[PDB]
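S.K.: model27.tsv (TSV, C-alpha atoms) pasted underneath:
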```tsv
chain	number	residue	atom	x	y	z
A	1195	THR	CA	0.00	0.00	0.00
A	1196	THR	CA	2.49	2.62	1.18
A	1197	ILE	CA	4.68	2.00	-1.87
A	1198	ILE	CA	1.73	2.21	-4.26
A	1199	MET	CA	0.51	5.42	-2.60
A	1200	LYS	CA	4.08	6.66	-2.97
A	1201	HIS	CA	3.57	6.00	-6.66
A	1202	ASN	CA	0.45	8.15	-6.39
A	1203	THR	CA	2.13	11.02	-4.53
A	1204	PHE	CA	5.03	11.03	-6.98
A	1205	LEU	CA	2.53	10.98	-9.84
A	1206	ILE	CA	0.73	13.97	-8.30
A	1207	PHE	CA	4.00	15.88	-7.94
A	1208	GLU	CA	4.85	14.91	-11.53
A	1209	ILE	CA	1.42	16.16	-12.63
A	1210	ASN	CA	1.99	19.51	-10.93
A	1211	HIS	CA	5.40	19.69	-12.62
A	1212	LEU	CA	3.63	18.73	-15.86
A	1213	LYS	CA	1.26	21.67	-15.57
A	1214	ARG	CA	4.23	23.91	-14.80
A	1215	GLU	CA	6.10	22.59	-17.85
A	1216	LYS	CA	3.02	22.91	-20.04
A	1217	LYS	CA	2.84	26.57	-19.04
A	1218	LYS	CA	6.60	26.85	-19.62
A	1219	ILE	CA	6.32	25.41	-23.13
A	1220	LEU	CA	3.61	28.03	-23.44
A	1221	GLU	CA	6.13	30.23	-21.56
A	1222	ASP	CA	9.69	29.29	-22.60
A	1223	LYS	CA	8.78	29.85	-26.27
A	1224	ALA	CA	10.84	33.06	-26.09
A	1225	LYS	CA	14.05	32.87	-24.05
A	1226	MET	CA	16.38	31.38	-26.66
A	1227	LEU	CA	14.78	33.40	-29.47
A	1228	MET	CA	15.24	36.76	-27.72
A	1229	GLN	CA	19.01	36.24	-27.51
A	1230	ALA	CA	18.86	34.69	-30.99
B	483	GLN	CA	-22.66	-31.23	-17.63
B	484	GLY	CA	-18.93	-31.92	-17.66
B	485	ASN	CA	-18.42	-30.33	-21.07
B	486	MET	CA	-20.15	-27.10	-20.02
B	487	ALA	CA	-18.13	-27.13	-16.79
B	488	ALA	CA	-14.97	-27.17	-18.91
B	489	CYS	CA	-16.47	-24.43	-21.10
B	490	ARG	CA	-16.99	-22.10	-18.15
B	491	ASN	CA	-13.64	-22.88	-16.51
B	492	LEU	CA	-11.82	-21.96	-19.70
B	493	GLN	CA	-13.95	-18.83	-20.14
B	494	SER	CA	-13.04	-17.64	-16.64
B	495	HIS	CA	-9.40	-18.31	-17.50
B	496	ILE	CA	-9.90	-16.11	-20.59
B	497	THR	CA	-11.31	-13.24	-18.56
B	498	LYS	CA	-8.63	-13.28	-15.87
B	499	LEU	CA	-6.01	-13.34	-18.61
B	500	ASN	CA	-7.72	-10.26	-20.07
B	501	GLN	CA	-7.42	-8.35	-16.80
B	502	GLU	CA	-3.76	-9.40	-16.73
B	503	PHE	CA	-3.49	-7.94	-20.25
B	504	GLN	CA	-4.95	-4.62	-19.19
B	505	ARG	CA	-2.75	-4.03	-16.16
B	506	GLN	CA	0.31	-5.39	-17.99
B	507	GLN	CA	0.08	-3.12	-21.01
B	508	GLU	CA	-0.67	-0.21	-18.69
B	509	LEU	CA	2.73	-0.99	-17.16
B	510	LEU	CA	4.12	-1.21	-20.70
B	511	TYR	CA	2.73	2.22	-21.57
B	512	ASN	CA	4.32	3.55	-18.38
B	513	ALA	CA	7.56	1.94	-19.57
B	514	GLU	CA	7.62	3.68	-22.93
B	515	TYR	CA	6.36	6.96	-21.46
B	516	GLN	CA	9.35	7.01	-19.14
B	517	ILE	CA	11.52	5.95	-22.10
B	518	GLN	CA	10.62	9.11	-23.99
B	519	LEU	CA	10.96	11.20	-20.83
B	520	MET	CA	14.52	10.00	-20.28
B	521	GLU	CA	15.38	10.26	-23.98
B	522	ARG	CA	14.45	13.95	-23.96
B	523	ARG	CA	16.26	14.41	-20.65
B	524	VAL	CA	19.37	12.70	-22.05
B	525	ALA	CA	19.28	14.89	-25.15
B	526	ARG	CA	19.08	18.00	-22.98
B	527	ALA	CA	21.86	16.71	-20.72
C	448	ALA	CA	-4.55	-19.96	-25.06
C	449	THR	CA	-4.46	-16.84	-27.24
C	450	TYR	CA	-4.85	-14.62	-24.19
C	451	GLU	CA	-2.20	-16.38	-22.09
C	452	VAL	CA	0.18	-16.16	-25.05
C	453	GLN	CA	-0.35	-12.47	-25.70
C	454	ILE	CA	-0.16	-11.69	-21.97
C	455	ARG	CA	3.33	-13.11	-21.91
C	456	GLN	CA	4.13	-11.32	-25.18
C	457	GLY	CA	3.27	-8.08	-23.41
C	458	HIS	CA	5.32	-9.16	-20.39
C	459	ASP	CA	8.51	-9.77	-22.38
C	460	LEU	CA	8.03	-6.62	-24.46
C	461	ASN	CA	7.58	-4.67	-21.22
C	462	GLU	CA	10.75	-6.25	-19.81
C	463	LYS	CA	12.72	-5.11	-22.86
C	464	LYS	CA	11.24	-1.60	-22.87
C	465	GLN	CA	11.84	-1.28	-19.11
C	466	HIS	CA	15.47	-2.24	-19.69
C	467	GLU	CA	15.58	0.60	-22.23
C	468	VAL	CA	13.85	2.77	-19.60
C	469	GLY	CA	16.74	2.05	-17.25
C	470	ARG	CA	19.34	2.58	-19.98
C	471	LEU	CA	18.03	6.08	-20.65
C	472	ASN	CA	17.45	6.92	-16.97
C	473	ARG	CA	21.08	6.18	-16.14
C	474	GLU	CA	22.12	7.96	-19.35
C	475	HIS	CA	20.45	11.19	-18.22
C	476	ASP	CA	21.46	10.86	-14.57
C	477	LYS	CA	25.11	10.58	-15.59
C	478	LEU	CA	24.64	13.35	-18.16
C	484	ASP	CA	27.55	28.89	-17.32
C	485	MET	CA	30.48	26.78	-18.54
C	486	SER	CA	31.10	29.43	-21.22
C	487	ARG	CA	31.06	32.33	-18.72
C	488	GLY	CA	34.16	31.76	-16.57
C	489	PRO	CA	36.76	31.96	-19.34
C	490	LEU	CA	35.33	35.37	-20.21
C	491	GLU	CA	35.25	36.27	-16.50
C	492	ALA	CA	39.00	35.65	-16.30
C	493	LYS	CA	39.47	37.42	-19.63
C	494	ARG	CA	38.12	40.62	-18.13
C	495	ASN	CA	39.78	40.12	-14.74
C	496	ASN	CA	43.12	39.87	-16.57
C	497	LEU	CA	42.37	42.87	-18.79
D	1164	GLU	CA	-7.69	-24.53	19.20
D	1165	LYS	CA	-10.53	-22.02	19.39
D	1166	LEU	CA	-8.09	-19.11	19.08
D	1167	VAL	CA	-6.08	-20.96	16.42
D	1168	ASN	CA	-9.10	-21.31	14.14
D	1169	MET	CA	-10.37	-17.79	14.84
D	1170	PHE	CA	-6.98	-16.34	13.88
D	1171	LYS	CA	-6.56	-18.60	10.84
D	1172	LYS	CA	-9.86	-17.49	9.29
D	1173	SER	CA	-9.09	-13.83	10.02
D	1174	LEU	CA	-5.80	-14.36	8.18
D	1175	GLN	CA	-7.63	-15.13	4.92
D	1176	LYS	CA	-10.34	-12.49	5.39
D	1177	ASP	CA	-7.82	-9.67	5.84
D	1178	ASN	CA	-5.63	-11.16	3.10
D	1179	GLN	CA	-8.54	-10.73	0.67
D	1180	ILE	CA	-9.41	-7.26	2.00
D	1181	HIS	CA	-5.84	-6.06	1.50
D	1182	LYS	CA	-5.79	-7.73	-1.92
D	1183	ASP	CA	-8.76	-5.56	-2.90
D	1184	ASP	CA	-7.11	-2.46	-1.45
D	1185	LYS	CA	-3.94	-3.28	-3.42
D	1186	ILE	CA	-6.04	-3.55	-6.58
D	1187	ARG	CA	-7.64	-0.17	-5.92
D	1188	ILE	CA	-4.29	1.49	-5.18
D	1189	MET	CA	-2.94	0.04	-8.43
D	1190	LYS	CA	-5.92	1.74	-10.06
D	1191	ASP	CA	-4.95	5.02	-8.39
D	1192	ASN	CA	-1.37	4.69	-9.63
D	1193	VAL	CA	-2.66	4.03	-13.13
D	1194	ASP	CA	-5.01	7.02	-13.06
D	1195	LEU	CA	-2.32	9.42	-11.84
D	1196	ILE	CA	-0.03	8.07	-14.56
D	1197	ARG	CA	-2.91	8.68	-16.98
D	1198	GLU	CA	-3.12	12.32	-15.91
D	1199	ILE	CA	0.65	12.61	-16.38
D	1200	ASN	CA	0.23	11.06	-19.83
D	1201	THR	CA	-2.44	13.60	-20.72
D	1202	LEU	CA	-0.31	16.50	-19.49
D	1203	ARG	CA	2.74	15.47	-21.51
D	1204	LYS	CA	0.59	14.64	-24.55
D	1205	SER	CA	-0.93	18.13	-24.44
D	1206	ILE	CA	2.53	19.68	-24.04
D	1207	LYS	CA	3.53	17.62	-27.09
D	1208	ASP	CA	1.55	19.84	-29.45
D	1209	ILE	CA	2.23	23.03	-27.47
```
What do you get writing this file as structure tokens?

M.R.:
Amino acid sequence: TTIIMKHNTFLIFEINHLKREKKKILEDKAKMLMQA
Amino acid sequence: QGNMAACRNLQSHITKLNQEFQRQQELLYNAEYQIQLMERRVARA
Amino acid sequence: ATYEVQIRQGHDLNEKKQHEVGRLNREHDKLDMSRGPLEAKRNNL
Amino acid sequence: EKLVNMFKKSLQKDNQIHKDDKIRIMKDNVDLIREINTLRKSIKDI
């Protein structure tokens, strides 16, 4: 149980990071271009 | 009676194998999903 | 029989793709550097 | 013997209960992985 729920908590943290990275791909679309 | 008993036993075997299928290929999809994650991460690093 | 067989097909394919998972995980884990030379370039100048 | 039997049956009953809980927590793992899959798939096109 505890290990599986650890899977779940890590998946939740990964999902939060996924939303952050989805925004960033909607966000980071600039940084390299501005210097380039 | 015996022949239908065999019928149903084998059918139950079918169905439990199908649930095995589902969970197994879910694990397989997790496999490949991580594969692509690490491939991108390797490329970046 | 078909469902047992294709279960174990999925199992072996998952084993292989998990081994690739691990290959790429360790690849990335093992895997500003252009600033410092210029830092010293100024400092010297 | 009374206690032996009463504990032996409880062994199986809780074994099955925790089997079911394990199945459900597998399902939770799979669903969280599914949400991760959806997030990365959406980021794919972005």

S.K.: Write out as CSV the residues of chain D that have any atom within 8 Å of an atom of chain B, one row each with the nearest atom pair and its distance in Å to one decimal, counting all atoms listed in the file, sorted by chain and then rising number.

M.R.:
```
residue,atom,partner,partner_atom,distance
D:1193,CA,B:508,CA,7.3
D:1196,CA,B:512,CA,7.3
D:1200,CA,B:515,CA,7.6
```

S.K.: Please indicate the distance in Å from CA of residue 469 (chain C) to CA of residue 522 (chain B), rounded to one decimal place.

M.R.: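 Computing it gives 13.9 Å between the two atoms.
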
S.K.: By how many Å are CA of residue 503 (chain B) and CA of residue 1182 (chain D) apart?

M.R.: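 Pair CA of residue 503 (chain B) / CA of residue 1182 (chain D) returns 18.5 Å.
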
S.K.: Give me, please, the distance in Å between CA of residue 1213 (chain A) and CA of residue 1190 (chain D), quoted to one decimal.

M.R.: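 Between CA of residue 1213 (chain A) and CA of residue 1190 (chain D) the gap is 21.9 Å.
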
S.K.: Given a cut-off of 7 Å, which residues of chain B touch chain C, counting all atoms listed in the file, written out as a ChimeraX atom specification?

M.R.: /B:496,499-500,502-503,506-507,510,513-514,516-517,520-521,523-524,527

S.K.: Give me the chain A side of the contact with chain D, cut-off 6 Å, one line per residue showing its nearest atom pair and distance in Å at one decimal, counting only C-alpha atoms, sorted by chain and residue number, as a tab-separated table.

M.R.:
```
residue	atom	partner	partner_atom	distance
A:1201	CA	D:1192	CA	5.9
A:1202	CA	D:1192	CA	5.1
A:1205	CA	D:1195	CA	5.5
A:1209	CA	D:1199	CA	5.2
A:1212	CA	D:1202	CA	5.8
A:1216	CA	D:1206	CA	5.2
```

S.K.: With C-alpha atoms retained, write the just-selected residues as a PDB file, in the frame of the given file.

M.R.:
```
ATOM      1  CA  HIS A1201       3.570   6.000  -6.660  1.00  0.00           C
ATOM      2  CA  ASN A1202       0.450   8.150  -6.390  1.00  0.00           C
ATOM      3  CA  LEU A1205       2.530  10.980  -9.840  1.00  0.00           C
ATOM      4  CA  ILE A1209       1.420  16.160 -12.630  1.00  0.00           C
ATOM      5  CA  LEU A1212       3.630  18.730 -15.860  1.00  0.00           C
ATOM      6  CA  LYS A1216       3.020  22.910 -20.040  1.00  0.00           C
TER       7      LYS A1216
END
```

S.K.: Regenerate region 502-525 of chain B at the level of N, CA, C and O atoms and dump it as a tab-separated table (two decimals), in the coordinates of the input.

M.R.:
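Output (rebuild-v6.tsv):
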```
chain	number	residue	atom	x	y	z
B	502	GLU	N	-5.22	-9.41	-16.71
B	502	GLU	CA	-3.76	-9.40	-16.73
B	502	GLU	C	-3.25	-8.55	-17.89
B	502	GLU	O	-2.36	-7.71	-17.72
B	503	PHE	N	-3.81	-8.77	-19.08
B	503	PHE	CA	-3.49	-7.94	-20.25
B	503	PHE	C	-3.57	-6.46	-19.92
B	503	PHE	O	-2.65	-5.69	-20.22
B	504	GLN	N	-4.71	-6.04	-19.38
B	504	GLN	CA	-4.95	-4.62	-19.19
B	504	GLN	C	-3.90	-4.02	-18.27
B	504	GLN	O	-3.22	-3.04	-18.63
B	505	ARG	N	-3.72	-4.61	-17.09
B	505	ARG	CA	-2.75	-4.03	-16.16
B	505	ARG	C	-1.34	-4.09	-16.74
B	505	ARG	O	-0.56	-3.14	-16.60
B	506	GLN	N	-1.02	-5.18	-17.43
B	506	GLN	CA	0.31	-5.39	-17.99
B	506	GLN	C	0.66	-4.34	-19.03
B	506	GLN	O	1.73	-3.72	-18.97
B	507	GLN	N	-0.21	-4.14	-20.01
B	507	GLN	CA	0.08	-3.12	-21.01
B	507	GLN	C	-0.06	-1.70	-20.47
B	507	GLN	O	0.53	-0.78	-21.04
B	508	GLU	N	-0.80	-1.50	-19.37
B	508	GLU	CA	-0.67	-0.21	-18.69
B	508	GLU	C	0.75	-0.02	-18.17
B	508	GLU	O	1.33	1.07	-18.31
B	509	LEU	N	1.33	-1.06	-17.58
B	509	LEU	CA	2.73	-0.99	-17.16
B	509	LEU	C	3.64	-0.76	-18.36
B	509	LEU	O	4.64	-0.04	-18.27
B	510	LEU	N	3.33	-1.39	-19.49
B	510	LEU	CA	4.12	-1.21	-20.70
B	510	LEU	C	4.07	0.23	-21.19
B	510	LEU	O	5.09	0.81	-21.61
B	511	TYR	N	2.87	0.82	-21.19
B	511	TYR	CA	2.73	2.22	-21.57
B	511	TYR	C	3.52	3.12	-20.63
B	511	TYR	O	4.18	4.07	-21.07
B	512	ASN	N	3.48	2.83	-19.33
B	512	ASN	CA	4.32	3.55	-18.38
B	512	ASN	C	5.79	3.40	-18.76
B	512	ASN	O	6.55	4.38	-18.75
B	513	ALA	N	6.20	2.18	-19.11
B	513	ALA	CA	7.56	1.94	-19.57
B	513	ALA	C	7.95	2.92	-20.66
B	513	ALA	O	8.89	3.71	-20.50
B	514	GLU	N	7.24	2.88	-21.78
B	514	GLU	CA	7.62	3.68	-22.93
B	514	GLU	C	7.50	5.17	-22.64
B	514	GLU	O	8.28	5.98	-23.18
B	515	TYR	N	6.51	5.57	-21.84
B	515	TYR	CA	6.36	6.96	-21.46
B	515	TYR	C	7.60	7.46	-20.73
B	515	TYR	O	8.15	8.52	-21.05
B	516	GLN	N	8.09	6.67	-19.78
B	516	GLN	CA	9.35	7.01	-19.14
B	516	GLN	C	10.50	6.96	-20.14
B	516	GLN	O	11.43	7.77	-20.06
B	517	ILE	N	10.45	6.03	-21.10
B	517	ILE	CA	11.52	5.95	-22.10
B	517	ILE	C	11.67	7.28	-22.80
B	517	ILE	O	12.77	7.82	-22.92
B	518	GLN	N	10.55	7.83	-23.28
B	518	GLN	CA	10.62	9.11	-23.99
B	518	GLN	C	11.03	10.23	-23.04
B	518	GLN	O	11.79	11.13	-23.43
B	519	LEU	N	10.54	10.19	-21.80
B	519	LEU	CA	10.96	11.20	-20.83
B	519	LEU	C	12.48	11.22	-20.69
B	519	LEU	O	13.12	12.27	-20.82
B	520	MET	N	13.08	10.05	-20.46
B	520	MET	CA	14.52	10.00	-20.28
B	520	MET	C	15.26	10.29	-21.58
B	520	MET	O	16.38	10.80	-21.53
B	521	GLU	N	14.69	9.95	-22.73
B	521	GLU	CA	15.38	10.26	-23.98
B	521	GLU	C	15.48	11.77	-24.16
B	521	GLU	O	16.55	12.29	-24.50
B	522	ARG	N	14.39	12.49	-23.91
B	522	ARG	CA	14.45	13.95	-23.96
B	522	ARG	C	15.42	14.49	-22.92
B	522	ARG	O	16.20	15.41	-23.20
B	523	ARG	N	15.39	13.93	-21.71
B	523	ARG	CA	16.26	14.41	-20.65
B	523	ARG	C	17.73	14.16	-20.99
B	523	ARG	O	18.60	14.99	-20.70
B	524	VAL	N	18.02	13.01	-21.60
B	524	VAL	CA	19.37	12.70	-22.05
B	524	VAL	C	19.81	13.69	-23.12
B	524	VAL	O	20.93	14.22	-23.08
B	525	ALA	N	18.93	13.95	-24.09
B	525	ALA	CA	19.28	14.89	-25.15
B	525	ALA	C	19.60	16.25	-24.57
B	525	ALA	O	20.58	16.90	-24.98
```
